[PDB]
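Accompanying notes for the structure given below.
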Amino acid sequence: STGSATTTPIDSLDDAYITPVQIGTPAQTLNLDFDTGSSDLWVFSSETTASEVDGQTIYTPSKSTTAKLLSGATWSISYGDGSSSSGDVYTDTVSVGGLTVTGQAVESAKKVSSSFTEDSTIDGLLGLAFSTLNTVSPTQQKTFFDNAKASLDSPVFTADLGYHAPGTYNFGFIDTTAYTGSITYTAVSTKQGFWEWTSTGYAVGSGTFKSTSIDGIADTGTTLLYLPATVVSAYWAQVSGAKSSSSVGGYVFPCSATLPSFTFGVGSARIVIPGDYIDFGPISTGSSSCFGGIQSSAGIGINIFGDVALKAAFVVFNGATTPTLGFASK
Ligand SMILES: c1cnc2c(c1)ccc1cccnc12
């Protein structure tokens with residue numbers, strides 16, 4: 001089998017991407033944030049504290065003839081951005097773009113933190129990291145991809161995120177028309193549960209490529225590109241007026257600037273992020289200071305190849321017996 005679904009930026013900045021997902025019988029369609037940095041499929045629901053729901057679409061398990069409560073199971077997650085959610089668990093039928101998993105764990109939120117409530121466009125998350133990170137207790141649950149993998153034509157999914165435009169998540173096949181050149185594969189460590197790989201270096205604009213190993217994760221659920229302070233300083237030094245702002249919480253730059261591209265290495269291959277992809281707009285409404293799309297990872301403990309980087313590439317999440325990651329230009 002295969003599945004193919006369109007993913008759409010939630011806003012004019014590409015702060016996140018949503019993909020429609022069918023849950024239950026009859027289908028209830030929720031727009032979920034596919035997150036290769038986590039491993040829980042959780043949804044706003046009829047069980048979510050009413051004051052914490054503000055425009056999201058909810059899953060109502062009582063209206064699904066295939067929903068079964070997973071007895072005694074709870075979940076609770078906290079993300080790198082400080083947000084969190086928690087609740088109980090059902091199994092139900094979940095379909096993404098024609099691909100169906102019966103008995104998928106659907107984690108129904110009883111509580112969500114303020115940033116989730118404040119984002120009316122995201123109805124939940126669909127985790128695509130390794131199932132070892134799944135938070136369901138006392139019986140850990142598998143991700144959608146993990147449940148689907150054996151049935152797929154090939155044990156892979158691909159992320160083709162658009163810049164200010166829709167893109168695609170495919171399960172079970174590589175669309176050879178969706179990229180240019182070849183796909184370069186690179187090794188993955190699963191030891192921390194992430195799609196963790198090592199970039200071979202970087203360049204700023206037309207500058208010299210610096211060969212240097214950068215360990216990080218491929219994370220569709222993080223907006224920006226978080227890299228070591230030395231790398232980020234080298235990038236922003238090329239932008240007149242750019243500075244690191246403690247008040248704002250990262251590098252900012254004059255909105256009148258035209259930004260240089262940023263290249264990252266994948267083995268001997270190179271992915272070029274166009275400068276425009278690094279502009280995240282005014283720091284506050286009407287400001288002429290703009291927030292940068294490349295930020296320091298210094299206070300994180302890990303480098304994160306978020307959407308800023310991944311949207312510049314066609315990315316293969318290869319779930320073969322030894323997982324690997326593939327990148328192509330597009
Ligand atoms: C991800 C993270 N932080 C941001 C954005 C996206 C977009 C704009 C912005 C403006 C000020 C501070 N942070 C951000």
Side-chain angles (χ1 to χ4, degrees), residues 3-22 29-38 41-44 54-57 79-81 83 85 96-97 112 115-129 144 157-171 175 178-179 195 217-226 250 252-253 255 258-259 261-262 264 271-285 287 290-295 304-317 327-330:
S4 179
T6 297
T7 193
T8 304
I10 62 163
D11 65 21
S12 67
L13 298 178
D14 297 351
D15 281 318
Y17 297 76
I18 49 169
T19 309
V21 177
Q22 281 71 51
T29 298
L30 274 68
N31 295 332
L32 305 185
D33 180 354
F34 280 27
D35 182 11
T36 65
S38 67
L41 194 174
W42 76 261
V43 297
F44 279 80
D54 190 8
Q56 293 80 9
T57 296
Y79 298 96
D81 72 344
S83 68
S85 54
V96 176
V112 305
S115 289
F116 286 119
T117 303
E118 286 155 8
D119 184 3
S120 68
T121 69
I122 289 176
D123 303 322
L125 268 66
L126 191 149
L128 294 169
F144 176 84
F157 69 89
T158 65
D160 181 8
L161 306 179
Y163 166 68
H164 296 169
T168 304
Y169 280 102
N170 291 328
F171 291 82
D175 178 1
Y179 57 89
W195 293 92
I217 65 167
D219 187 1
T220 57
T222 292
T223 312
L224 306 186
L225 173 51
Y226 293 87
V252 300
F253 68 92
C255 291
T258 295
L259 297 177
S261 65
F262 184 87
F264 65 94
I271 299 296
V272 180
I273 305 171
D276 283 358
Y277 291 27
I278 300 163
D279 182 341
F280 280 75
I283 59 168
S284 286
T285 306
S287 178
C290 272
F291 198 70
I294 294 175
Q295 298 293 347
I304 308 171
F305 294 88
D307 297 333
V308 164
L310 303 180
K311 75 177 78 175
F314 176 88
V315 189
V316 180
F317 292 81
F327 292 82
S329 297
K330 70 189 182 188

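Excluded from the calculations below are hydrogen atoms, water molecules and symmetry mates; all remaining heavy atoms, backbone and side chain alike, are included. In this chain, numbering begins with 1 at the start of the sequence shown.
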**Asked** For the residue pair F264 and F305, is the inter-centroid distance of their aromatic rings smaller than 6.0 Å?
**Response** yes
In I273, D276, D279, the residue satisfying side chain to side chain contact (heavy atoms under 4.5 Å, CB included) with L259 is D279
Would you say that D119 contacts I10 through its side chain, given a criterion of any heavy-atom pair below 4.5 Å between the two side chains? yes
Item to complete: Decide yes or no for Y79 and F116: does some side-chain heavy atom of the first lie under 4.5 Å from some side-chain heavy atom of the second?
Response: yes
For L126 and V96 the tightest heavy-atom approach is CD1-CG2, 4.2 Å
Smallest heavy-atom separation, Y179 atom then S329 atom, equals CB-O, 3.2 Å
Interatomic distance, OG1@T258 vs CZ@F253, rounded to 0.5 Å, equals 9.5 Å
Could you tell me if the side chain of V112 sits less than 4.5 Å from the side chain of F44, heavy atoms only?
yes
Interatomic distance, CZ@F144 vs CG@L128, rounded to 0.5 Å, equals 8.5 Å
Q. Looking only at atom types and distance, does a side-chain atom of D123 sit under 3.5 Å from a main-chain N or O of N31, one as donor and one as acceptor?
A. yes
Closest non-hydrogen atoms of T6 and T19, given as atom of the first, atom of the second and distance, are O-CG2, 3.7 Å
Verify the distance criterion only: is there a donor paired with an acceptor across the side chains of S120 and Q56 at less than 3.5 Å?
no
What one should report as the nearest heavy-atom pair of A313 and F327 is CB-CD2, 4.0 Å
Any side-chain heavy atom of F157 within less than 4.5 Å of one from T36? yes
- Item | Check: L13 and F291 side chains under 4.5 Å, non-hydrogen atoms | no
In terms of heavy-atom contacts, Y169 and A159 come closest through CE2-CB, 3.6 Å
Rounding to 0.5 Å, atoms CD (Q295) and CD1 (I278) come to a distance of 11.0 Å
Closest non-hydrogen atoms of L310 and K330, given as atom of the first, atom of the second and distance, are O-NZ, 4.3 Å
The reported gap from CG in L224 to CD1 in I304 (rounded to nearest 0.5 angstrom) is 9.5 Å
Only residue of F262, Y226, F280 satisfying side chain to side chain contact (heavy atoms under 4.5 Å, CB included) with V308 is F280
**Study point:** Donor-acceptor contact below 3.5 Å, side chain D219 vs main chain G306
**Key:** no
In terms of side-chain heavy atoms, does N170 have a donor or acceptor partner in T168 at a distance below 3.5 Å? no
The side chain to side chain contact (heavy atoms under 4.5 Å, CB included) partner of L161 among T8, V315, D307 is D307
- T220 side chain to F34 main-chain N or O, any donor-acceptor pair under 3.5 Å? yes
Problem - Side chain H164, main chain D14, donor-acceptor under 3.5 Å - result: no
When rounded to the nearest 0.5 Å, the distance separating CG of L125 from CG of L32 is 7.5 Å
